[PDB]
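Structural characterization, general
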Amino acid sequence: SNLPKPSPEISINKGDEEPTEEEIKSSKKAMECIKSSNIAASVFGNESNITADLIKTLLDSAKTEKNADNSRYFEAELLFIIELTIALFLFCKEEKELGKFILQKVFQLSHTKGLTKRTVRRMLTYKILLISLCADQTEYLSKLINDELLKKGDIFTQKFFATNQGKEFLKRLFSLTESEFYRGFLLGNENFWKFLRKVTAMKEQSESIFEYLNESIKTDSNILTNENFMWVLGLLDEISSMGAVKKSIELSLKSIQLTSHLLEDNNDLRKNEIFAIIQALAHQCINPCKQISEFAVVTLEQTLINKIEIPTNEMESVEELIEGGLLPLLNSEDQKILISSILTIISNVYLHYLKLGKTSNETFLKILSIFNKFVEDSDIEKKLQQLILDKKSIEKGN
């Protein structure tokens, strides 16, 4: 939007002693004659006057100390210098020397005392623009993301990110990941994903958040990395965590599908990390709404049938795969009724690998124990025996 105009110390619409006799006439003459000067196109119009000396003199001359007289128009002045210098730095591309100086000076300007919320909000987008333009200046990005963005909470709230101002943040900083010289540090950083999961809880920004992730994972697997992985999974879990009212039901299904799809890629499992996504998908079955839980069990059935291979460097067999993650769901009024949900998936999924028949002779009989015989319940006593009665029929399969 337009900048904050520097207001005067008094305003009169149309006793107070305003200028009367010859002063309005003088101001009219000054306005009429200075408008014809073409001050806008005087120095900044053509491209021949744009040089680093002008930018240095613009920035060094900016007032950075408060007094009684100059507090009338401090903020409009500072935003005026930054608004100019961002434009004339866009005009002249030189990353070796000039970018360091302009970025250092504006960062020194930002930390000055006694700035309101609006001026800081307007100031920050210019920092984003400079980091987009600059290269090999990761330290100032670290200072911005660690101290100014994360810790500062009162200034940056839900309502600020809700506006069209916030969308500029959510587009520019996210497209910063596509830059070919800041990518590695950006994935390597811890605080970035902390800030991402903090802002992900906002109701409005969730859809756009997914519009990044579904793009970034689909075009290439560049975002994925072993040190990067865990937080990203947690972020997707938060996308699954929403939904009680109706658009979240329309939204999080795509996140569920993305989590299911993320398994089948190049084999990037470190030692035991696939169990994280299996645990996540199992946790989806705890959600209260009918549709999300039904789709969770359905996609669980659809991915474990097809989207993992048994023999490789890491997975010795299927027993560890079904023993690792799912029972942590049952490890912990809610607990008694919660356990009666997902017991069918083991009996359904074992059949196809039994047709493959990779398991040993006691492996079935101890997988039966791992499938559990807790009894002492009206539901479970009828459920378990009738469910495991299917094992006798499949003997003719092999």
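So, here's what we can say about the structure.

Before going further, it helps to spend a moment on the overall build of the chain. Of regular secondary structure, the chain possesses 22 helices and zero strands. For a compact globule of 398 residues, the expected C-alpha radius of gyration is about 21 Å, and the chain comes in at 31 Å, more than 25% above that figure. Dimensions of the chain, computed from the C-alpha atoms along their principal axes, are close to 110 × 55 × 30 Å. The 398 residues of the chain split such that 35% are buried. Carbon and sulfur atoms provide 54% of the accessible area of the chain, an area that totals close to 26300 Å².

Between the first and last C-alpha of helix α1 (residues 23–35) there are 18 Å, a value that for 13 residues agrees with the 18 Å anticipated at 1.5 Å per step. Along α1, only zero of the 13 residues are buried, which leaves the element largely exposed.

Here helix α12 (residues 206–219) crosses helix α14 (residues 248–261) at 25°, and the two axes come no closer than 11 Å. Between α12 and α14, the angle is such that the two are roughly parallel. For the crossing formed where α12 meets α14, the hand is left-handed. Where α12 abuts α14, its residues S206, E207, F210, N214, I217 and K218 lie against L251, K254, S255, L258 and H261.

A few words now on the side chain of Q205. Within the secondary structure, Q205 is located in the loop between α11 (191–200) and α12. Look past the residues within four positions of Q205 in its chain and what remains in contact with it is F161, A162, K167 and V199.

This paragraph deals with empty space enclosed by the protein. Space inside the largest cavity adds up to approximately 180 Å³. The wall of the largest cavity is formed by 14 residues, among which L304, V318, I322, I346 and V349 lie closest to the centre. At the level of elements, α16 (290–306), α17 (318–324) and α20 (344–356) are the ones that each hand at least two residues to the lining of the largest cavity. In terms of residue count, α20 provides more of the lining of the largest cavity than any other element does, five residues in total. Tallied by class, the residues present in the lining of the largest cavity amount to 13 nonpolar, no polar and one charged. As a volume, the second largest cavity reaches approximately 90 Å³. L213, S216, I217, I223, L224, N228, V232, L236, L258 and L262 together form the lining of the second largest cavity. When residues of the lining of the second largest cavity are assigned to their parent elements, the largest contribution, three residues, is made by α12.

Under the defined criterion, the tally for this structure stands at nine aromatic pairs. A centroid spacing of 5.9 Å and a plane angle of 75° characterise the contact between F156 and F160, whose relative ring orientation is edge-to-face. Both residues of the pair, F156 and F160, belong to the buried class. Measuring from centroid to centroid gives 5.1 Å for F174 and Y212, while their planes differ by 75°, and the two rings are edge-to-face.

Moving on to the side chain of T85. Residue placement: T85 occurs in helix α4 (residues 74–91). The contacts of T85, once residues within four sequence positions are left out, are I55, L59 and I102.

Moving on to a negative patch on the surface. The grouping of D16, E17, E18, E21, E22 and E23 at the surface amounts to a negative patch. Relative to the helices and strands, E17 resides in the segment before α1. We classify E17 as exposed; its relative accessible area is 79%.

Right, let's talk about the environment of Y126 for a bit. Among the structural elements, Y126 can be located in helix α6 (residues 117–133). Note on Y126: relative accessible area 8%, which makes it buried. For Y126 and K29, which are 97 residues apart along the polypeptide, the C-alpha to C-alpha distance reads 37 Å. Ignoring sequence-local partners within four residues, the contact set of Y126 consists of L3, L79, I82, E83 and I86.

If you look at the biggest cluster of nonpolar residues, it comprises 59 residues, and the most contacted ones within it are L103, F161, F169 and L196. Ranked by size, the runner-up nonpolar core spans 36 residues in total, among them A296, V349, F371 and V375.

Attention now goes to unusual backbone geometry. Most peptide bonds adopt trans geometry, and most residues besides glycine take a negative phi value. The backbone of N372 sits at a positive phi, close to 85°, despite the residue not being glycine. In this fold, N372 is placed in the loop between α21 (361–370) and α22 (378–388). The phi dihedral of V375 falls on the positive side, at around 50°, and the residue is not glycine. Summarising the element assignment, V375 is placed in the loop between α21 and α22. For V375, a relative accessible area of 16% corresponds to the buried category.

Thresholds, definitions, all that
Residues numbered from 1 in each chain as written, not as in the entry; some residues may be left out. Part of a larger assembly, values for the part shown. Heavy atoms only, no water. Helix = DSSP H or I, 4+ residues; strand = E, 2+ residues; numbered from the N terminus. Rg over C-alpha atoms; globule rule 2.2 N^0.38 Å. Buried < 20%, exposed > 50% of the residue type's maximum accessible area, 1.4 Å probe, protein only. Areas by Shrake-Rupley, 256 points an atom, 1.4 Å probe, with all protein chains shown as cover. Expected span 1.5 Å × (residues − 1). Axes fitted to C-alpha atoms, helices over the stretch in contact; angles between N-to-C directions. Parallel < 35°, antiparallel > 145°, perpendicular 65-115°, else oblique. Left-handed = near helix turned anticlockwise from the far one by under 90°. Contact = heavy atoms within 4.5 Å. 1 Å grid on protein atoms, 1.4 Å probe; cavity = no way out; pocket = protein on both sides within 12 Å on 5 of 7 lines; lining within 4 Å. Points joined across faces, edges and corners; volume = space filled by probe spheres on them. Nonpolar A, V, L, I, M, F, W, Y, C, P; charged D, E, K, R; others polar. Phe/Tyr/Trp six-rings, centres within 6.5 Å; stacked < 30°, edge-to-face > 60°. Patch = residues over 30% accessible without salt bridge, like charges linked within 9 Å, V, L, I, M, F, W, Y side chains within 5 Å. Salt bridge = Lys/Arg side-chain N within 4 Å of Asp/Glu carboxyl O. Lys, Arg positive; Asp, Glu negative; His and termini not counted. Charge placed at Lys NZ, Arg CZ, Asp CG, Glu CD. Core = buried A, V, L, I, M, F, W, Y, C linked by side-chain atoms within 4.5 Å.

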